[PDB]
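Both blocks below hold the same protein chain, though in two forms, and each is given as structure tokens: structure 1 and structure 2.
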Structure 1
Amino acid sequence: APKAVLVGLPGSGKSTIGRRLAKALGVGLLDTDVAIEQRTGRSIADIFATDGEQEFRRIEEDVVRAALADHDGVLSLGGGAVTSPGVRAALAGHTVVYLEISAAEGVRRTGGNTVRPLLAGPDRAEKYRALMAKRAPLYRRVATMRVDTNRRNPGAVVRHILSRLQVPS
């Protein structure tokens, strides 16, 4: 089972923190989005476009539950995985790190040409605030440690992480 599970919105640092936290703890990183593409042979975008979000969430839930059982390092969950009650259920008892980010920073950090079915222009900032508003309680419900990525250098938020895992609370 994973040493840590990372949850948060797109732009919250899951891939980069994942990377730094993993190096720090000395294990591998798995991203569930990558795992979905591997198992299905399909792009995330294609699944949403052709089969739709609900089918994506079912696939995602199965991949996440498997990953929680089978992987021993750091696991990063796609930003919408916590909307699935079965995912929240499976997270019970794990160490779960919520990477908190404000809308402005999150919006800035997601503004490239990455394909994002749920965060595509125009009015991306409105869409991001909507996701935040809906998902905030769900991240909070599952998380065992929260870290602020808004201002801190990454390598730092991670110190908060490696240090935190280690001592009581």
Structure 2
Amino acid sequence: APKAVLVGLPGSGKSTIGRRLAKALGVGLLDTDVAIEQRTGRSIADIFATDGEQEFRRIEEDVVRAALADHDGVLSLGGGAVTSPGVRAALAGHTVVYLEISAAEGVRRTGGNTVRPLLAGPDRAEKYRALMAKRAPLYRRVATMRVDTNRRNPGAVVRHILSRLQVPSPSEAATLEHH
């Protein structure tokens, strides 16, 4: 089972923290969006367009369940995986690290806001706020550790997670005595 499953909004650091945490632990890194494309030979966009969001979520859930069973390192989850009740069920018992971010920081870290085509319509920042409103309660539900990334740099985020993921060695005493 994974040492940590990372969840959070776009820009929260799933890729950056995934890589740095996996490096610090000396473990493998799997990202579920990448794994979907690798397992299907279809792009994420193509699956959504052709099959619809529900079938995307079906394929995603199967990939997530496989990774939770088979992967021993760091796993990062696609943003929408937690919308599936079956993914939330599958996660229970795992170490699930929710990388928290504000809307303004998430917008900044994903390339900034956009032009607002109509005064009466949304911009990117508003769409992001909506995503946050729908997703954040689900990440809070599934989490076993929550880490604020707004004012911690990646190294500080990784140190914070590491400090809460420690594994005592049952062979510690014998290693001092000999090994």
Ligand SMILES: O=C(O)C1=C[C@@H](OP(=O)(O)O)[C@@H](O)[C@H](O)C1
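All residue numbers here refer to structure 1's sequence, counted from 1. Think of the rigid core as the biggest set of C-alphas that the two forms share within 1.5 Å after superposition.
- Structure 2, not structure 1, is the form solved without the named molecule.
- Just a single entry of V34, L118, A66, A104 exceeds or equals a 2 Å CA shift between the two structures, which is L118 (rigid core superposed).
- With both forms fitted on their core, the C-alpha atom of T50 sits 2.1 Å from where it sits in the other form; this compares the forms between the two structures.
- Taking the core as the reference frame, the CA atom of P137 shifts 1.3 angstrom between the two structures.
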